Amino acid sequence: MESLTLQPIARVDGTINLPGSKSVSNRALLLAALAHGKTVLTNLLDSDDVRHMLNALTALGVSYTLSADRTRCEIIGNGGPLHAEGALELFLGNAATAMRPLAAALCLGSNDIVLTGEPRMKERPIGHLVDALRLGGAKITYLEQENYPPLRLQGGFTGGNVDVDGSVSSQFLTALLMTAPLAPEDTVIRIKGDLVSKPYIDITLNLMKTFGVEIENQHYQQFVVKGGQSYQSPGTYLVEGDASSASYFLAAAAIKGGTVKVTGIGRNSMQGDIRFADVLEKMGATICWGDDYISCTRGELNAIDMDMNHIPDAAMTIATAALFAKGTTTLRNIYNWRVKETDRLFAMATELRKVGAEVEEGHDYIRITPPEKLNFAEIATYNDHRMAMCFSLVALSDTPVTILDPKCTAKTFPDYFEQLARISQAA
């Protein structure tokens, strides 16, 4: 078991040029692959999740080249639905942004492809998406547990009236939205009830528009899609810096700055996680917005009690920042933390208690009361990049912290520790 021990960080200050957005990167790659023309993506993220998407595109026969640092990608669009037969297996690691979108996309036309991934991926739900694709005509088989990957896709999605559950993940609808335009018949996607992680739907629609396709969004309750469309290369496309990866650095400044500036995202960014900055401001930090940067300057840090459904990923960072806040912090409406890289409500509560906090692990919320002083702990990371990055912040105290399996950060941010070190100052 590899581990990394972080020594106490006296102050953080500086500028970080963010790695590309995982959410935007994987959507842009798939749309570029489906599109007509050559797409040049810059600031593409180089991380495990994007690598699994690139590998899947290579296996499907898509041609592309990558720059030395793997952040510039020139993709030759296929000019239509991707295809493979012979039950070709695409191994998708634990990349949900590859698994859900490809599960839908590869149902266009005929195909015989199997999607699988790491053990935990076989425990992350995909039934709501399968249900919706089958209502549209797709033939899909669960090869192991019903409602979970791995899946055997045999095609057949033609469009039509389809309902989709949006209560557990926004990714199922995202996958349907990206796929439906290329289906021969028009599609009307009806959301059954609640829709969580709504901002990710805006990211999907923004990317689809960039690639030449628009749809009729009726109050996020129903989506009208015209069939028979084609995606078109936007030419050169700049991938936004990752606003979720930014949360750690902005929070570090709120706790121990100094001023930390992250570049690559700004006030016009499409990522819902830029709203994480609003939360730090509510806690007492000072925030500055620019066209291509967001900065946070230490002020004070007071506990908050907020519904975090709009920023589920970045919200985890508030769970550890809460260790440094005055009062008890409560994060609500985050049930789906349970069905992500790990059950994040169980994991976060378990590890927070190890450094001294009193924590109530609610079914769909978490309440954190910080200790007078933190103590040393060896933090388990549950093969979850965000558990490692969140707990790195424990070192902004008087105690060191040991993070197990630090390389798990590579899922979305391979250079995380070197970047945190860049802004760490001894004086």
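Residue indices: 1-based, along the sequence shown.
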* Going by the average Cα B-factor in the PDB entry, point out whether 406-414 or 11-19 comes out higher. => 11-19
* **Mean Cα B-factor comparison, 167-175 or 191-199, giving the higher one as deposited** => 191-199
* Hey, out of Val239, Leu115, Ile274, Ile287, whose CA B-factor is highest in the deposited coordinates? -> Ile287
* In the PDB entry, which of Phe249, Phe157, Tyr335, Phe324 has its C-alpha at the highest B-factor? -> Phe157
* Structure fact -> Sorting the chain's modelled residues by C-alpha B-factor and splitting them into thirds places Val224 in the highest
* Asked: Among the chain's modelled residues, which third holds the C-alpha B-factor of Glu358?
  -> highest
* To do: Determine, from the deposited record, the chain-internal third of the Cα B-factor for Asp384: lowest, middle or highest.
  => lowest
* Structure fact -> Temperature factor at the Cα of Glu123, chain-ranked in thirds, falls in the middle
* Within this chain, which third does the Cα B-factor at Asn147 fall in: lowest, middle or highest? -> middle
